[PDB]
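Worksheet: the structure to be examined is printed underneath.
Proteins get letters first, then strands, A, B, ... in listed order; numbering begins at 1 in each. Keep in mind that the numbers below use all heavy atoms, side chains included, and drop hydrogens, waters and symmetry copies.
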Amino acid sequence: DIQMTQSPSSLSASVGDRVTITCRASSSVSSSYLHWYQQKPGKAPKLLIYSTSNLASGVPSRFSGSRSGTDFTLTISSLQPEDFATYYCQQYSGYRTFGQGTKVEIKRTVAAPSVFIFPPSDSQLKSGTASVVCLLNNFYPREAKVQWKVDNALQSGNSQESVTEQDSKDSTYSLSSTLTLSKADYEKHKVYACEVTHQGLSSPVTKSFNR
Amino acid sequence: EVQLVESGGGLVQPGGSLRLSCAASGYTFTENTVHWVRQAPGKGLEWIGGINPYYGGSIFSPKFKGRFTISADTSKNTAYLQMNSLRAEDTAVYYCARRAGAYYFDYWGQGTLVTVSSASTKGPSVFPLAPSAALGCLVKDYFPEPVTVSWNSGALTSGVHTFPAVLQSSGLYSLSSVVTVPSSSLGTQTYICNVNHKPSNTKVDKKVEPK
């Protein structure tokens, strides 16, 4: 059965850059029957280009496609920050398959995160667990080191991170780090701190509170 | 205005069955085929099969012939995907999609999550994340996904970051939704986070004020 080999699987480009994505058909696929989709995080895929080169309704002219033998190309001529998405080709030839997808990320200038720390709520300790949340807001690039320190002792294994998808307007990321203790252990310590290391910061930023 | 609305997702035990529906509107039902396409978490798009409601016949990808069947009720403009003997590998967001023209999918349903796990449904607890400007709420210990969060019943949308859920060592999920606001509006405006967990029929509304 015909398979589509899509490359690259991810790329990062700046606003205004030209971006090219390739789908290679394992054997001949008709021009009429090769389409491209754009899928934004949390959304259904959206028809972007149909039959190799026809713009779907309401798609901006910076998107185009072409074919050269078994090789199909999707081109974004001038990358906009809202073009952050995963792009998929799809062939028809009796059955249907998709390419494995290309994640397009936006390169932008460095932005330091705003660091905030939150103590567990009263309602949560009443339940017997304490969650301490460290919030890093609107930063670029994505790589950030978050360290927890309890009474200046460095924590390990008792926190987990979540990071948002690149913002479609300003291209920054946001990150949450949650430290989980039993209420019993939260009450046997005074100083709770998270120390943030990021490229946009001259010196590590610590945010803290005393219980 | 063409629309496909899905329902019937949820939690299914390994080896169980589930029925998804795709309610189509805004066009003459019999004029287009309706297909099913799934996306395992963090992975690509996979075509399952589709039905032609004019002829009343369906076709499937070879990997799914057998276990799944697709039907349509023309009186209700609805297509159904009946799945059987589900395994953990079948955990995915399931989309329906309308074929038009040269075999492209022009309208897609919104997606519905199907989780195959022996675990049981649990509703979340919601705790405040207190400013002192950043505020937000913690949505702890729920299963399965998803949870929806809004702020001030949708009125508050800008500056909001709802983080991807994290799987805890306990096998339940947790997330935080956060929002930056003006450094000096903490007295005047009130902020409530609205949480929805349909697998557990839970709906909580939590007020977030400084302590």
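Looking at B:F60, the atoms closer than 4.5 Å to chain A (heavy atoms on both sides) all sit in the backbone: N, CA, C or O. Using a 4.5 Å cut-off between heavy atoms, B:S125 does not touch chain A at all. Heavy-atom distances place the side chain of B:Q39, and not its backbone, under 4.5 Å from chain A. Of the two parts of B:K140, only the side chain, counted from C-beta on, holds a non-hydrogen atom closer than 4.5 Å to a non-hydrogen atom of chain A. In this structure, the portions of B:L45 lying under 4.5 Å from any heavy atom of chain A include both its backbone and its side chain. At a 4.5 Å heavy-atom cutoff, the contact between A:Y33 and chain B is made by backbone and side-chain atoms alike. Only the side chain of B:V37 comes within contact range of chain A, judged by heavy atoms closer than 4.5 Å. When heavy atoms are compared at a cutoff of 4.5 Å, A:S162 approaches chain B by way of both its backbone and its side chain. If you measure heavy-atom distances from B:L167 to chain A, the contacts under 4.5 Å come from the backbone alone. For B:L135, the part lying near chain A is the backbone, with the side chain staying farther off; criterion is any non-hydrogen pair under 4.5 Å. Only the side chain of A:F116 comes within less than 4.5 Å of a heavy atom in chain B; its backbone stays farther off. Of the atoms belonging to B:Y95, it is side-chain heavy atoms, and not backbone ones, that fall under 4.5 Å from chain A.
Note on A:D170 versus A:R108: no salt bridge recorded, every NZ/NE/NH1/NH2 to OD/OE distance being 4.0 Å or above. Between A:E82 and A:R62 there is a salt bridge, since at least one side-chain N of the basic residue sits less than 4.0 Å from a carboxylate O of the acidic one. A salt bridge is defined here as a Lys NZ or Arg NE, NH1 or NH2 lying under 4.0 Å from an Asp or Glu carboxylate O, and A:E165 with A:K103 meets this definition.
For the pair B:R38 and B:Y94, the cation-pi criterion (under 6.0 Å, within 45° of the ring axis) is not fulfilled. A cation-pi arrangement, defined by a distance under 6.0 Å to the six-membered ring centre and an angle within 45 degrees of its axis, is present between B:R98 and B:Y27. A cation-pi arrangement, defined by a distance under 6.0 Å to the six-membered ring centre and an angle within 45 degrees of its axis, is absent between A:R96 and B:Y103.
Contacts with chain A were tallied for B:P62, B:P146, B:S61, B:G49; B:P62 has the most, counting heavy-atom pairs under 4.5 Å. Per-residue heavy-atom pair counts under 4.5 Å with chain B were compared for A:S30, A:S174, A:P45, A:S57, and the maximum is reached by A:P45. Heavy-atom pairs under 4.5 Å with chain B were tallied for A:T180, A:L34, A:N137; the largest tally goes to A:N137.
With hydrogens and angles ignored, the 3.5 Å screen pairs no side-chain donor or acceptor of A:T172 with any backbone N or O of A:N138.
For the pair A:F118 and B:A130, the tightest heavy-atom approach, listed with the atom from each and the gap, is CD2-O, 3.3 Å.
Annotation: A:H35 is not in aromatic contact with A:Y50 [ring centroid separation under 6.0 Å not met].
Between A:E195 and the choices A:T206, A:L154, A:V205, the side chain to side chain contact (heavy atoms under 4.5 Å, CB included) rule is met once, by A:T206.
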